[PDB]
Every structure is written in structure tokens, then in C-alpha cells.
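Participant: Residue numbers for the sequence shown follow this note's numbering, beginning at 302 and rising by one.
Dropping a structure here in C-alpha cells format, bear with me for questions.
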Amino acid sequence: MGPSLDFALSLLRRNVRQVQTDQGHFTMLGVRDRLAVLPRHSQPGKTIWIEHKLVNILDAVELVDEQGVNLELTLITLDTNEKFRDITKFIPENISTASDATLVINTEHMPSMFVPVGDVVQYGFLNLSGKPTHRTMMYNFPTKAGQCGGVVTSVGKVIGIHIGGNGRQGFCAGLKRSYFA
Ligand SMILES: */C1=C/C(=O)OC/C=C/CCO[C@@H](c2ccccc2)[C@H](NC(=O)[C@@H](NC(=O)c2cc(C)on2)C(C)C)C(=O)N[C@H]1C[C@@H]1CCNC1=O
């Protein structure tokens, strides 16, 4: 097997989880230790269903920028035995565009799903259902509901978490390594 498929299948295997909150199904990315990230609008409660079992959330941190604008990412710390494979090395130090990126979705309804989004490019401000959002990026692919939390990647580098769309374009919250320090 080639390398870009291996990396994506490895992600699926040890870092990308099927989850359910009171808001529906999402893809969850485990980053390291007991630390994971979800789209802010998944609104994780005191517990979250992960794959096959209810897992308690010890702490949740919705990220905003330095003038307090939404970044659309929640950092959750899980009460689990498992430590995630530390993938913080694959996350750039600053938000990074990409070409020929792939969106990795993993949900009960959309399991192990690989979506050839295009090049990924910058955006900044997004109006997502009345929530103004910064540090977002864009890909000209018609993503759809149920794909939030999906992992944007290209060439072994984890760069965004899918958060929204419009039927012709998809938008992710950019990832940077300092979020997970
Ligand atoms: C991802 C998750 C999903 O389907 O779930 C259920 C959705 C619940 C409602 C909340 O999710 C919306 C949201 C995101 C961030 C902050 C607040 C709310 C989100 N909203 C949208 O994507 C909407 N689009 C826009 O507002 C918009 C602005 C610009 C510019 O372009 N689009 C909505 C589609 C009108 C949401 O539903 N995200 C959802 C994935 C998208 C559904 C449609 N295509 C997607 O990629």
C-alpha cells in the first residue's frame, strides 16, 4: 500500500472516532493523551458516546481568538484508560493551506469515509448560522450535514476540522499545534 492511504487509514485506526452528542453524529479527533477536539457546535455535555461506550468528559474548552471571537473548536479531556497516539507533530505550527486535500469522516452513519475535497485555502471570517468565526479555511467541494468534525489532511499533515458548508463549498476550522500544547 502507498503512503497517503496508509497515513489516512492509520488516522482512522487510532485517532479518528465515531461520536454522538445531543446534537447528532460527529467525527472526533484524538490528538494526544486524553485530549480530543470537536466542533464547538457539537455541544458535548458531561458525557459523550464514543464508538461503543459512554465516556465522561472531565473538561471542555471552547477556543476563541485574542479578541474573543469564536474559533469553533472545543478541546475535551476524557476520562479514559486510553492515551491517544500523539499526532501533534503532524499539526502545523500555524494554520496552513494545502492542495489535493482529503477529508476523513468517521461516524456511525458515515464510517471510514474518504472525501476528495480540493485544494484548501484561507478565509478568516465565516458567518456560520449567526456565529461569526475566525481562522477558517475553504475547499470548493459540496460537503453536507453529518460531516462535521471530519479531519482535513494532505501529505501526512493534519490541518483542519470540518465545521460548515453551503451546498457548494465547505469550511474547516484551521488547526495549529499550540492549541494542543
Ligand atoms: C455540520 C454538522 C452537522 O450537520 O450537525 C448538525 C448541525 C447542527 C447545527 C449547527 O451547525 C452549524 C454551525 C456551525 C458553526 C457555528 C454555528 C452553527 C453549521 N452551519 C452551517 O454550515 C450553515 N452554513 C452557513 O452558515 C454558511 C455561511 C457561509 C458563508 O457558508 N455557509 C448551514 C448549512 C446553513 C452546520 O450545519 N454544519 C454542518 C455541516 C454543513 C451542513 C451543510 N454543509 C455542511 O458542510
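Using N, Cα and C, we set each Cβ at its ideal position, and we do this for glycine too.
Looking at ligand 1, does it come within less than 8 Å of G461, judged from the CB to the closest heavy atom?
Facilitator: Checking every heavy atom of ligand 1 against the Cβ of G461, none is found closer than 8 Å.
Participant: For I406 and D387, I'd like the C-alpha separation in whole angstroms.
Facilitator: Roughly 19 Å between the two C-alpha positions.
Participant: Where does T408 fall in DSSP's three states?
Facilitator: Note: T408 maps to coil in three-state DSSP.
Participant: Whole-angstrom Cβ separation of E409 and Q319, contact assumed at under 8 Å?
Facilitator: About 5 Å separates the two Cβ atoms, so the contact holds.
Participant: Given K477, which residues of its chain have a CB within under 6 Å of its CB, disregarding the five upstream and five downstream residues?
Facilitator: Same-chain partners within the cutoff: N395 and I396.
Participant: Buried or exposed for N316, going by 16 or more other Cβ atoms inside 10 Å?
Facilitator: Result: buried.
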